[PDB]
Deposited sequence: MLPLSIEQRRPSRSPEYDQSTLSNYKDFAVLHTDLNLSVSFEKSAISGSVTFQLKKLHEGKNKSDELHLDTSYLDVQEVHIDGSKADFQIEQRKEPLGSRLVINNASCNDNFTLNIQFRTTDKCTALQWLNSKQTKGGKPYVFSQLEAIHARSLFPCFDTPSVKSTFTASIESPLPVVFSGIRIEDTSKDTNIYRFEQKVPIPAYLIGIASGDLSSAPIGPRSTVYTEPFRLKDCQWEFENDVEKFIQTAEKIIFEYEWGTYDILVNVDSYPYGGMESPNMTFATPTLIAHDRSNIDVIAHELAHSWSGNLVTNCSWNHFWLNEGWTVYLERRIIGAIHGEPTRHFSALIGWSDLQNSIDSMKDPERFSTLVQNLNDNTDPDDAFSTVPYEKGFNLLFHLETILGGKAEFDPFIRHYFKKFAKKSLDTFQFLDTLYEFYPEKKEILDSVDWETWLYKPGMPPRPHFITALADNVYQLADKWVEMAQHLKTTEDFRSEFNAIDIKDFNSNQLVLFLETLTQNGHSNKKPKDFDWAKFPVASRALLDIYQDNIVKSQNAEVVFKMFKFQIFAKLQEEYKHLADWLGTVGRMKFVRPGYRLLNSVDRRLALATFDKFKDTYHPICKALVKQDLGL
């Protein structure tokens, strides 16, 4: 039913073949995968064996009969098929895809059991280790990070999102373990089962000093003991409301439980949607619940990504792009529509910045990607699949008649492809097949531009209300700073209630907008907050309750950015002290850049003080940012 513009692009088979794997995944059905692992903090490496039950698949005549797995920097100790040594070879590593594991399968049967014993290497890319000086708890920690193609560096496997397998796991570890599955009931061997098929990239493992507490009827939180009581409180009141909000929009939650792991303070990343165990950063804990809207993202993934998966990294938008959409649908259901549109607006800025900042936008800003076997999927990561993808789905919601008319397709799509993987073409077909009465409407969508052209997509029209309220107030501050003289003059034009209704994103955007000297392009030429310390100190005093006393990390960061920009020298020490309490790249790295710009000495001293309490990658970058 599709337009020619994209029928010409259509592959011979769908799901489109995944160039980013060296494995011959098309030739097997993975009936089940068993992981038998042992963690060694001593050696900072993971050991054991993986056991696949495979069925050979057949098609056509006179075909090859092979067995190829992916590995990256992995020590493959031995290989058994149906309880017998099978000859094997690790091919010469090539970049960026790794080392093909070729196995000579001497068996007769189309069904067999494949067992591979391995150790991770000191060059393993899948695992992140931290020492006791890098956790507040005092004890060590390890967590996995598999997306996009690092699972092959954790265990030999068919490392493509086109392949999904139920899992079982037995993990042995000195400290407690959590896994991307549901724990079964040695005092320190930990067993799990994932009864819903998953792709390797969604496998999650973590181990360290971990406690657990209920945050709802089907939700438990895991974190360091000291933090447990604060994490319990943060999520208690909203996690279930969130899950039900999502089921009501899409359909029933499938995985049984939704659990959250609040990683150690040195955890440098943002979050990860591992099935049954969502990885989260401690910077959600705001002590006022101002940062939980975020939990919507990884929750949505339960459907977009985990349940219905992109078949390859050319089609990642099907994953993240849908997630942003559903994410925003959930926060819309809870906070209203203007709030959904606010997120959208912001996403649009982020998108424009992303594309303006790329090396090679011509290639990496197209929605559907084209990696072949020689591009590192990580190089194609941008805001594009998130926002350009979201915007297509929003454009579709709009031109098909809104949520009442779109929702039915949402449920059809996720039900159709449940526990399966697809490309962009199967997504369009499904679209067309479901709206035979709207063929007129779909045909008028510029598919070439949306899926395949670089740069910004057709600009949408969002409810700009929440933004305008921020811009108005920041402009008025900038304008007033120029002519008012006294702290009591500022208490006469402003008051704590100016911002009483500002959500987190609004405060963050308010501080960001101030540092940009307002929103009107009719900005003052020579304006510099540093030149108006009466003004700036009054802004912080008057808005002390929601800004200065906020323990939300996103607002704390911006408050600091405004303080350094207003050159309030007495605050530099507080920014410096704070950088020793957070581990996220997002804050730590820019944190030192700010600091360095106003007090290089305090910066260098601060780094020296804290450098060894950070995730190694955060230490290395910051160290070199500071010309060390």
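Residues of the deposited sequence that lack C-alpha coordinates fall in a single stretch, 186 to 189.
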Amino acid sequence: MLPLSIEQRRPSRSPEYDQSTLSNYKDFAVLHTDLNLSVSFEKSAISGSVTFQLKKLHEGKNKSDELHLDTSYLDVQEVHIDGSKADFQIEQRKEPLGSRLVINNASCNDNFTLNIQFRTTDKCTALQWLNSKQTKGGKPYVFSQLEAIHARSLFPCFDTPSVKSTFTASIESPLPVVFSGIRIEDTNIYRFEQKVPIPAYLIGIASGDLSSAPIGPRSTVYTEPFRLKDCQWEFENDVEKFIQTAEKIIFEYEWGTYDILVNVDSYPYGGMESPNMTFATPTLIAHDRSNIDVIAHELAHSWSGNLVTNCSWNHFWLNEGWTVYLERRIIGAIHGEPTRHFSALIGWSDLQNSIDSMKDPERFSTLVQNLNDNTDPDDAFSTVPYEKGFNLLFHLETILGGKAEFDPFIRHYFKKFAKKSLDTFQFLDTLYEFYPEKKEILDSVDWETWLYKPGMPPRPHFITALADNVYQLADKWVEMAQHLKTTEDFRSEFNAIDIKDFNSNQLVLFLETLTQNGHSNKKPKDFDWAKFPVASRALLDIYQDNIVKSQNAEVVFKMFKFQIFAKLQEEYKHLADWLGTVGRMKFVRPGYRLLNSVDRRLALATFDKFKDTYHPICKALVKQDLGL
From here on, numbers count along this sequence of modelled residues.
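The mean C-alpha temperature factor is higher for 498 to 506 when 498 to 506 and 302 to 310 are set side by side.
Legend: mean Cα B-factor per stretch from the PDB entry, 224 to 232 versus 387 to 395; the higher mean is in 224 to 232. When the C-alpha B factors of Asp376, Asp429, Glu554, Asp122 are read from the deposited coordinates, the top value falls at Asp122. Across the options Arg100, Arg183, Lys415, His341, the residue with the most elevated CA B-factor in the record is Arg183. Ranked against the other modelled residues of its chain, the C-alpha B-factor of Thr21 as given in the entry falls in the lowest third.
Sort the chain's modelled residues by C-alpha temperature factor and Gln569 lands in the highest third, per the entry. Residue-level temperature factors show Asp407 in the lowest third of its chain, judged at the C-alpha atom. Compared with the other modelled residues of the chain, the Cα B-factor recorded for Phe562 ranks in the middle third.
The PDB entry assigns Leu57 a C-alpha temperature factor belonging to the lowest third of its chain's modelled residues.
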